[PDB]
There are 2 protein chains.
Amino acid sequence: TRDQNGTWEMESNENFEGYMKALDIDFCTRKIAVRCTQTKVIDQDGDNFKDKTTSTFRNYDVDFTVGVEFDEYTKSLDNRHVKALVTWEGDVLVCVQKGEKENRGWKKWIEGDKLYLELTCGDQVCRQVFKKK
Amino acid sequence: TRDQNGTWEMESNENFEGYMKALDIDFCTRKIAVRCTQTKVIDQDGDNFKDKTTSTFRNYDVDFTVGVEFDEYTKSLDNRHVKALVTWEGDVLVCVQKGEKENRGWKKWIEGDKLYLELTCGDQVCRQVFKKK
């Protein structure tokens with residue numbers, strides 16, 4: 001068939017690195033690109049094609065129980081050893097990551113339709129807001 | 001509520017670069033990670049949490065008509081000017097991107113529930129497989 005319409009999810013990607021390297025893509029872009037899965041949405045009627053491709057990489061995965069200290073290696077991010085403790089403060093989830101960096105941790109809370117995540121390291125604070133889908 | 005279950009889509013992200021820099025993430029990966037919007041998937045069961053974060057960047061949008069040569073920039077990858085021509089070879093969609101790189105192009109075709117994509121540049125072949133959702 002010539003019909004390529006639809007939503008296509010990547011399941012393998014062989015030698016993307018060498019193809020991008022032949023196109024002189026910068027090292028740091030290639031390092032992340034080879035970790036991305038692609039989703040291609042193709043719309044085709046007659047000779048006319050529209051292709052929308054999105055790339056996603058699995059950015060951080062962590063399991064924990066509130067109140068139970070655990071060692072983790074911040075593999076994915078900075079790759080350090082911390083001893084993390086997550087506790088409730090009211091309805092706010094509070095995580096302290098004890099280790100090399102001072103004031104390292106995060107807070108997560110819900111307000112209505114929105115999840116708020118405050119990330120801290122040193123004197124830097126990152127505020128993120130997510131909408132429930 | 002102490003319920004953070006669900007799928008959550010990023011709608012705001014302030015001072016991400018500063019927090020990442022304070023953790024010592026190479027300039028390279030930060031200016032990539034900032035480019036992306038995130039999705040958080042939280043599975044919460046009592047005191048136990050499973051958090052899976054992913055990052056997405058919109059990426060390549062392409063419109064072409066088969067058999068019509070057109071100039072384009074290869075935005076998405078190296079952003080070079082090519083004259084692209086997409087034609088059918090039987091059921092295989094073949095694209096030649098004429099310009100600075102030799103043997104530059106791609107081929108894609110359906111077999112069963114799967115889409116096969118071969119990308120070429122120079123002596124490099126990248127082979128991708130997608131599954132129809």
# chains A, B, ... in the order shown; residues from 1 in each chain; ligands from 1
call {"tool": "closest_atom_pairs", "arguments": {"of": "stretch 20-58 of chain B", "to": "stretch 13-27 of chain A", "cutoff": "12 Å", "atoms": "only C-alpha atoms", "output": "JSON lines"}}
result
{"residue": "B:28", "atom": "CA", "partner": "A:27", "partner_atom": "CA", "distance": 8.8}
{"residue": "B:29", "atom": "CA", "partner": "A:27", "partner_atom": "CA", "distance": 10.2}
{"residue": "B:32", "atom": "CA", "partner": "A:26", "partner_atom": "CA", "distance": 11.6}
call {"tool": "write_last_selection", "arguments": {"atoms": "N, CA and C atoms", "output": "JSON list (two decimals), in the first residue's frame"}}
result
[["chain", "number", "residue", "atom", "x", "y", "z"],
["B", 28, "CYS", "N", 25.50, 22.58, 27.65],
["B", 28, "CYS", "CA", 24.94, 21.94, 26.46],
["B", 28, "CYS", "C", 23.57, 21.35, 26.73],
["B", 29, "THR", "N", 23.48, 20.49, 27.75],
["B", 29, "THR", "CA", 22.24, 19.78, 28.01],
["B", 29, "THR", "C", 21.17, 20.70, 28.57],
["B", 32, "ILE", "N", 19.27, 22.46, 25.85],
["B", 32, "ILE", "CA", 18.34, 21.51, 25.23],
["B", 32, "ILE", "C", 17.14, 21.24, 26.13]]
call {"tool": "closest_atom_pairs", "arguments": {"of": "chain A", "to": "chain B", "cutoff": "7 Å", "atoms": "only C-alpha atoms", "output": "tab-separated table"}}
result
residue	atom	partner	partner_atom	distance
A:1	CA	B:91	CA	6.0
A:2	CA	B:91	CA	5.1
A:4	CA	B:110	CA	6.8
A:6	CA	B:132	CA	6.9
A:7	CA	B:133	CA	5.4
A:8	CA	B:132	CA	4.5
A:9	CA	B:130	CA	5.0
A:10	CA	B:130	CA	4.1
A:11	CA	B:130	CA	5.4
A:12	CA	B:129	CA	5.2
A:13	CA	B:128	CA	4.4
A:14	CA	B:127	CA	5.1
A:15	CA	B:126	CA	4.8
A:16	CA	B:126	CA	5.3
A:18	CA	B:124	CA	6.0
A:19	CA	B:124	CA	5.4
A:22	CA	B:121	CA	6.3
A:23	CA	B:78	CA	6.2
A:25	CA	B:78	CA	6.1
A:28	CA	B:28	CA	5.7
A:47	CA	B:66	CA	5.0
A:48	CA	B:65	CA	4.5
A:49	CA	B:64	CA	5.4
A:50	CA	B:63	CA	4.5
A:51	CA	B:62	CA	5.1
A:52	CA	B:61	CA	4.6
A:53	CA	B:60	CA	5.3
A:54	CA	B:58	CA	5.0
A:55	CA	B:56	CA	5.6
A:56	CA	B:56	CA	4.3
A:57	CA	B:55	CA	5.4
A:58	CA	B:54	CA	4.3
A:59	CA	B:54	CA	4.5
A:60	CA	B:53	CA	5.1
A:61	CA	B:52	CA	4.7
A:62	CA	B:51	CA	5.5
A:63	CA	B:50	CA	4.5
A:64	CA	B:49	CA	5.3
A:65	CA	B:48	CA	4.3
A:66	CA	B:47	CA	5.2
A:78	CA	B:25	CA	6.2
A:91	CA	B:2	CA	5.1
A:110	CA	B:1	CA	6.8
A:120	CA	B:19	CA	6.7
A:121	CA	B:19	CA	6.2
A:122	CA	B:22	CA	6.6
A:124	CA	B:19	CA	5.2
A:125	CA	B:19	CA	6.1
A:126	CA	B:15	CA	4.9
A:127	CA	B:14	CA	5.3
A:128	CA	B:13	CA	4.4
A:129	CA	B:12	CA	5.0
A:130	CA	B:10	CA	4.2
A:131	CA	B:9	CA	5.1
A:132	CA	B:8	CA	4.5
A:133	CA	B:7	CA	5.6
call {"tool": "select_by_dssp", "arguments": {"residues": "chain A", "states": "strand (DSSP E or B)", "output": "NGL selection string"}}
result
:A and (6-14 or 37-45 or 48-65 or 70-73 or 81-89 or 92-98 or 105-111 or 114-121 or 124-132)
call {"tool": "select_by_dssp", "arguments": {"residues": "stretch 15-97 of chain B", "states": "helix (DSSP H, G or I)", "output": "list in words"}}
result
residues 16, 17, 18, 19, 20, 21, 22, 27, 28, 29, 30, 31, 32 and 33 of chain B
call {"tool": "write_last_selection", "arguments": {"atoms": "N, CA and C atoms", "output": "PDB file, in the first residue's frame"}}
result
ATOM      1  N   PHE B  16      14.259  27.474  35.202  1.00  0.00           N
ATOM      2  CA  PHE B  16      14.788  26.136  34.977  1.00  0.00           C
ATOM      3  C   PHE B  16      16.295  26.156  34.728  1.00  0.00           C
ATOM      4  N   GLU B  17      16.774  27.083  33.889  1.00  0.00           N
ATOM      5  CA  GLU B  17      18.206  27.139  33.601  1.00  0.00           C
ATOM      6  C   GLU B  17      19.024  27.390  34.868  1.00  0.00           C
ATOM      7  N   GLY B  18      18.570  28.308  35.725  1.00  0.00           N
ATOM      8  CA  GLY B  18      19.349  28.640  36.912  1.00  0.00           C
ATOM      9  C   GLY B  18      19.459  27.475  37.878  1.00  0.00           C
ATOM     10  N   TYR B  19      18.344  26.779  38.107  1.00  0.00           N
ATOM     11  CA  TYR B  19      18.355  25.582  38.935  1.00  0.00           C
ATOM     12  C   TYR B  19      19.274  24.519  38.341  1.00  0.00           C
ATOM     13  N   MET B  20      19.153  24.253  37.032  1.00  0.00           N
ATOM     14  CA  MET B  20      20.026  23.254  36.419  1.00  0.00           C
ATOM     15  C   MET B  20      21.499  23.661  36.503  1.00  0.00           C
ATOM     16  N   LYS B  21      21.795  24.950  36.330  1.00  0.00           N
ATOM     17  CA  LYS B  21      23.184  25.391  36.416  1.00  0.00           C
ATOM     18  C   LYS B  21      23.734  25.208  37.829  1.00  0.00           C
ATOM     19  N   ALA B  22      22.924  25.528  38.839  1.00  0.00           N
ATOM     20  CA  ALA B  22      23.294  25.305  40.234  1.00  0.00           C
ATOM     21  C   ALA B  22      23.569  23.834  40.532  1.00  0.00           C
ATOM     22  N   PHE B  27      26.474  23.364  30.118  1.00  0.00           N
ATOM     23  CA  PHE B  27      25.721  24.332  29.326  1.00  0.00           C
ATOM     24  C   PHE B  27      24.927  23.638  28.228  1.00  0.00           C
ATOM     25  N   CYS B  28      25.501  22.584  27.647  1.00  0.00           N
ATOM     26  CA  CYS B  28      24.939  21.939  26.464  1.00  0.00           C
ATOM     27  C   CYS B  28      23.567  21.345  26.735  1.00  0.00           C
ATOM     28  N   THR B  29      23.476  20.491  27.754  1.00  0.00           N
ATOM     29  CA  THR B  29      22.237  19.779  28.012  1.00  0.00           C
ATOM     30  C   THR B  29      21.166  20.699  28.571  1.00  0.00           C
ATOM     31  N   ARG B  30      21.560  21.776  29.251  1.00  0.00           N
ATOM     32  CA  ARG B  30      20.567  22.700  29.785  1.00  0.00           C
ATOM     33  C   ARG B  30      19.815  23.395  28.668  1.00  0.00           C
ATOM     34  N   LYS B  31      20.542  24.010  27.723  1.00  0.00           N
ATOM     35  CA  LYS B  31      19.863  24.712  26.643  1.00  0.00           C
ATOM     36  C   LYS B  31      19.088  23.772  25.726  1.00  0.00           C
ATOM     37  N   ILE B  32      19.267  22.457  25.848  1.00  0.00           N
ATOM     38  CA  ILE B  32      18.340  21.508  25.227  1.00  0.00           C
ATOM     39  C   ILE B  32      17.145  21.239  26.134  1.00  0.00           C
ATOM     40  N   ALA B  33      17.396  20.932  27.409  1.00  0.00           N
ATOM     41  CA  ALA B  33      16.304  20.598  28.317  1.00  0.00           C
ATOM     42  C   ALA B  33      15.351  21.772  28.509  1.00  0.00           C
TER      43      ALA B  33
END
call {"tool": "residues_around", "arguments": {"residues": "residue A:105", "least_positions_apart": "4", "cutoff": "6 Å", "atoms": "only C-alpha atoms", "output": "CSV table (one decimal) with N, CA, C and O atoms, in the first residue's frame"}}
result
chain,number,residue,atom,x,y,z
A,95,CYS,N,10.3,17.1,49.8
A,95,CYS,CA,11.4,16.2,49.6
A,95,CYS,C,12.7,17.0,49.9
A,95,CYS,O,12.9,18.1,49.4
A,96,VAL,N,13.5,16.5,50.8
A,96,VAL,CA,14.8,17.0,51.1
A,96,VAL,C,15.8,16.0,50.6
A,96,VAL,O,15.7,14.8,50.9
A,97,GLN,N,16.8,16.4,49.7
A,97,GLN,CA,17.8,15.6,49.2
A,97,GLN,C,19.2,15.9,49.8
A,97,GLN,O,19.8,16.9,49.4
A,120,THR,N,14.5,23.3,44.3
A,120,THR,CA,15.5,24.2,44.9
A,120,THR,C,16.9,23.5,44.9
A,120,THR,O,17.0,22.3,45.2
call {"tool": "atom_distance", "arguments": {"atom1": "atom CA of residue A:85", "atom2": "atom CA of residue A:107"}}
result
11.6 Å
call {"tool": "atom_distance", "arguments": {"atom1": "atom CA of residue A:81", "atom2": "atom CA of residue B:35"}}
result
26.7 Å
call {"tool": "atom_distance", "arguments": {"atom1": "atom CA of residue A:71", "atom2": "atom CA of residue A:34"}}
result
28.5 Å
